[PDB]
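The sequence lines fix the lettering, A, B, ..., with proteins before strands; numbering per chain opens at 1.
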Amino acid sequence: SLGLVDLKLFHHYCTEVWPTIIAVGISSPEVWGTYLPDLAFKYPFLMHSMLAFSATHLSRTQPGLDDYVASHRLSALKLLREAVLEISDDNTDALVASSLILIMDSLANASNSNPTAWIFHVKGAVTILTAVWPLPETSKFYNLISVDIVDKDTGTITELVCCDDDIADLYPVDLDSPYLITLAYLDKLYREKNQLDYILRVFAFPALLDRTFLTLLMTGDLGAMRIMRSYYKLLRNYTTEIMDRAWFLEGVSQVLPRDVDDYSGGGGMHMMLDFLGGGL
Amino acid sequence: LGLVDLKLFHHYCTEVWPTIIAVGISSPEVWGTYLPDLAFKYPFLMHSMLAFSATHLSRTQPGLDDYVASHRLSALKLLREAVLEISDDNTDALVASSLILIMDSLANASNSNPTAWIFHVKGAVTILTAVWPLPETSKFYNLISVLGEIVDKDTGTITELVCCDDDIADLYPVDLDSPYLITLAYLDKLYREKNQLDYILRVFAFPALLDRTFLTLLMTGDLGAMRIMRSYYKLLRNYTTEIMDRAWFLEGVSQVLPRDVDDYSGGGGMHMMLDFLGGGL
Ligand SMILES: CC(C)[C@@H](C)/C=C/[C@@H](C)[C@H]1CC[C@H]2C3=CC=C4C[C@@H](O)CC[C@]4(C)[C@H]3CC[C@]12C
Ligand SMILES: CC(C)[C@@H](C)/C=C/[C@@H](C)[C@H]1CC[C@H]2C3=CC=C4C[C@@H](O)CC[C@]4(C)[C@H]3CC[C@]12C
C-alpha cells in the first residue's frame with residue numbers, strides 16, 4: 001500500500017543513493033544497484049528498508065519527509081523481526097541486505113535521539129544477522145566476513161597488532177581458549193582496513209561471534225567484555241575518521257561515546273544489552 | 001497505485017528508455033532523467049510512463065493487460081483535461097507524454113486492431129497541436145521540429161522535390177504565394193534529415209506542426225492539401241517498416257497502416273484523416 005512518493009523514493013535510490021554506498025568503499029555495484037532493487041519486490045521487508053534509507057538521504061535536500069523516514073523504519077523493523085521467525089533460503093540475502101541498510105540508516109538517523117530508538121533498530125538488525133550467520137557460500141553477501149597470525153613459538157597468542165595493550169592481562173591465550181576465535185577474527189579484520197567492504201566487515205562483527213564466546217559475553221564475563229571494548233575502539237575510530245566520506249556516518253561521534261561508561265542509557269553493561277539479544 | 005506501479009517505474013528506468021534511445025533518438029538526459037523527474041510533478045505524464053513500460057513488460061511478464069489499459073485511459077483523460085489549462089511550466093510534461101502515448105499506442109495496435117489506438121493518438125496529436133510552437137527554451141524544441149533552398153534559383157518556383165516528386169507532380173510550379181509552400185518545404189527538409197538523430201520524432205510531430213492556414217484548409221477536404229498529406233503518409237509508412245525491424249514498439253504497424261488509405265478499416269481516406277486530426281476547440 002504505497003503512494004506516489006514511494007516511486008520517487010525508489011527512483012532516488014536507484015539513481016543517487018546506492019552510488020554513495022559504493023563510494024565510501026563498498027564493492028559490487030551489481031548487488032547494490034541491481035540485486036537489491038530486484039529483491040525488494042519480493043520481500044516487503046527489504047523494500048521498507050530501502051525506502052526508509054533513501055528518504056533519510058533525501059531528507060538532506062528535500063523537506064517534509066520526516067514521517068516517511070520514521071514510518072518506514074518502523075515497518076522495516078517490524079517486518080524484519082517477524083521475518084527472522086521464519087528464515088527460508090531465498091529470503092536470506094534479502095534479510096542480510098536489509099540488515100545492513102537498517103544499520104546505515106540508523107546511524108544516519110542517530111540525531112542524538114535518546115539513543116534508545118536508533119539503538120533498538122540496530123538491535124533488530126543484529127539479531128537478524130546473527131540468526132542467518134553462517135551464510136551459505138552461495139551468498140553474494142558472503143564477503144561481509146573474512147577468512148580464518150595469532151600464537152607464536154609457544155603455541156599461545158603472545159601478541160596481537162589489533163590492540164596489544166588492550167587485552168594484555170589475557171596474554172598469553174591457549175588454543176583451547178574460548179577467546180581464541182574472536183581475537184583472531186578481530187585481529188584479522190583489523191589488518192584489513194585498506195580493502196573493499198571493510199565497513200561491512202566491521203559492521204557484521206558483533207553478529208558473527210561464535211555462540212560459545214557470545215553466550216559467555218552475555219554473562220558479563222570480563223575477558224570477553226574487554227575483548228569487545230577493543231572492537232569498539234576500532235568501530236568508533238573507523239567511523240569518526242570517515243564521517244566526511246560517508247554521508248550516513250555523520251555525527252556518529254556524538255552518539256558513540258569515547259568511554260563506554262559514559263553510555264547514556266546506563267552503563268557499559270547496559271550498552272551491550274541494548275545492542276545484543278534476539279528475542280526467544 | 002501499488003507495488004507493480006513501483007516495479008514499473010523501475011522497469012522504465014532500467015529497460016524501457018534505453019530502447020527509446022536505441023531506435024535513433026538523442027538526449028538520454030531527457031528520457032532517463034528529465035522525464036522521470038517531471039513525472040513526479042505531473043500525474044498525466046506519470047500514467048503515460050507506467051502504461052508505456054507495462055506495455056514493454058507485457059511482452060514477457062503476463063497479466064498487465066489490465067495495467068496497460070488502465071494507465072492509458074487515465075493519461076488520456078488528465079492529458080485532455082490538461083490542454084484546457086496549458087502553462088509554460090507543464091508544457092514539456094505535455095509534449096513528453098504526447099510522444100510517450102504515441103509510442104505506447106503504436107506498440108498496442110495489433111495485426112488487425114480497431115479504433116482505440118487511433119483514439120489515443122488523436123489525443124496526443126491534438127495536445128501537440130495546441131502547444132506548438134514550443135518556446136526555443138524547451139528541451140523538446142529541436143527534438144520534434146525542422147527556407148529558400150527548396151525553390152529553383154533559376155525559375156523562382158518549386159520545380160522539383162525529392163520524396164514526393166512523382167506523387168505530387170500535378171501541384172508543380174509551387175509559387176511563394178501558395179499555402180502549400182510551408183508544408184512542402186517542411187516535408188522536403190524532413191526527408192533531407194532521415195539518418196540524423198530524432199528523425200522518428202520529427203516524423204511523428206509533423207501532423208501537429210502544420211500551419212493553421214494549411215490545416216484549416218486540409219480539414220475542408222481540399223484536394224491539394226490532401227494529396228500532400230498522402231506524401232507524408234508514404235514517408236511515415238515507409239520509415240516504420242524498416243525500423244520496425246529495429247524498434248520493438250513499431251512492430252506490426254504495417255498491419256495497421258495500409259498502403260492505400262482507401263483501405264482504412266474505419267472509412268474512406270477522408271475519415272482516416274478525421275479520426276487522427278481534430279480536437280476539442
Ligand atoms: C552500529 C552497528 C555497527 C552495530 C552492529 C554495532 C553497535 C556497537 C556500538 C555495539 C555492538 C556490541 C556492543 C558492545 C558489546 C559488548 C560490550 C561489553 C561491555 O562490557 C561494554 C559495552 C560493550 C563494549 C558494547 C558497546 C556497544 C557495542 C560495541
Ligand atoms: C502515428 C502518429 C505519428 C500520428 C501523428 C500519425 C498518424 C497518421 C497515420 C495520420 C496523420 C494524418 C493522417 C492523414 C491526413 C490527411 C489525409 C488525407 C486524406 O485524403 C487521406 C487520408 C490522410 C492522408 C490521413 C492518413 C492518416 C494520417 C497520415
Hey, does [Y] have a side-chain heavy atom less than 4.5 Å from the side chain of [X]?
X	Y	result
B:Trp17	B:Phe52	no
A:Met243	A:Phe248	no
A:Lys188	A:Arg191	yes
B:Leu6	B:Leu1	no
A:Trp118	A:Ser113	no
B:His71	B:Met46	no
B:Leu35	B:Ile100	yes
A:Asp151	A:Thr158	no

Run the side-chain hydrogen bond (donor to acceptor under 3.5 Å, both in side chains) test on A:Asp174 and A:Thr156 for me, step by step, so that the C-alpha distance in whole Å, both residues' side-chain angles and the decisive distance to 0.1 Å come before the verdict.
CA-CA 5 Å; A:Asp174 259 16; A:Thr156 73; 5.8 Å; no

What pair of heavy atoms forms the shortest contact from [X] to [Y], and how long is it?
X	Y	result
A:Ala94	A:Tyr43	CB-CD1, 3.6 Å
A:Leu170	A:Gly223	CD1-O, 3.9 Å
A:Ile167	A:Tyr171	CD1-CE1, 2.8 Å
B:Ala54	B:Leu64	O-CD1, 3.9 Å
A:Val17	A:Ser54	CG2-CB, 3.5 Å
A:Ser230	A:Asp166	OG-CB, 3.5 Å

Matching residue for A:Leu46 among A:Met50, A:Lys42, A:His48 - test: side-chain contact (heavy atoms from CB on, under 4.5 Å):
A:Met50

Taking the cut-offs as 6.0 angstrom to the six-membered ring centre and 45 degrees off its axis, would you call A:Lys193 and A:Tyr238 a cation-pi pair?
no

Are more than 12 heavy atoms from other residues, nucleotides or ligands located less than 6.0 Å from atom [atom1] of [X]?
X	atom1	value
A:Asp259	CG	yes
A:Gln62	CD	yes
A:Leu214	CG	yes
A:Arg81	CZ	no
A:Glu86	CD	no

So, A:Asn109 and A:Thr56: side-chain donor and acceptor under 3.5 Å apart, yes or no?
yes

Any sub-3.5 Å donor-acceptor pair from [X]'s side-chain atoms to [Y]'s backbone N or O?
X	Y	answer
A:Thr182	A:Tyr179	no
A:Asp221	A:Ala224	yes
B:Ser87	B:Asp89	no
A:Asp197	A:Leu144	no

Criterion ring-ring contact (aromatic ring centres under 6.0 Å, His included) on A:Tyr142 and A:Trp133, from CA distance to verdict:
CA-CA 10 Å; A:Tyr142 194 80; A:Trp133 183 260; 5.5 Å; yes

Is there a ring-ring contact (aromatic ring centres under 6.0 Å, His included) between B:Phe40 and B:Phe9 once you walk through the steps?
CA-CA 11 Å; B:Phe40 313 123; B:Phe9 201 80; 5.3 Å; yes

side-chain hydrogen bond (donor to acceptor under 3.5 Å, both in side chains) with B:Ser138: which of B:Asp92, B:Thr91, B:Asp88?
B:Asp92

Are A:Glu250 and A:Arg60 close enough for a salt bridge, meaning some N to O gap below 4.0 Å?
yes

Does the pair A:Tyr263 and A:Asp274 meet the rule for a side-chain hydrogen bond (donor to acceptor under 3.5 Å, both in side chains), with working shown?
CA-CA 11 Å; A:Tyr263 173 58; A:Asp274 292 346; 2.4 Å; yes

B:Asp37 and A:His11: CA distance, side-chain angles, deciding distance, side-chain contact (heavy atoms from CB on, under 4.5 Å) verdict
CA-CA 9 Å; B:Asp37 286 341; A:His11 179 68; 3.9 Å; yes

What residues form a side-chain hydrogen bond (donor to acceptor under 3.5 Å, both in side chains) with B:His120, not counting sequence neighbours?
B:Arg72

Partner residues of A:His12 under the ring-ring contact (aromatic ring centres under 6.0 Å, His included) criterion, sequence neighbours left out
A:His57

Walk me through it: do A:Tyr185 and A:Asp210 pass the test side-chain hydrogen bond (donor to acceptor under 3.5 Å, both in side chains)?
CA-CA 10 Å; A:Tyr185 190 17; A:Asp210 58 78; over 6 Å; no

Audit row: A:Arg201, A:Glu192, salt bridge (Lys or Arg N to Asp or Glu O under 4.0 Å) steps and yes/no
CA-CA 9 Å; A:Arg201 311 222 165 86; A:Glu192 221 247 356; 2.8 Å; yes

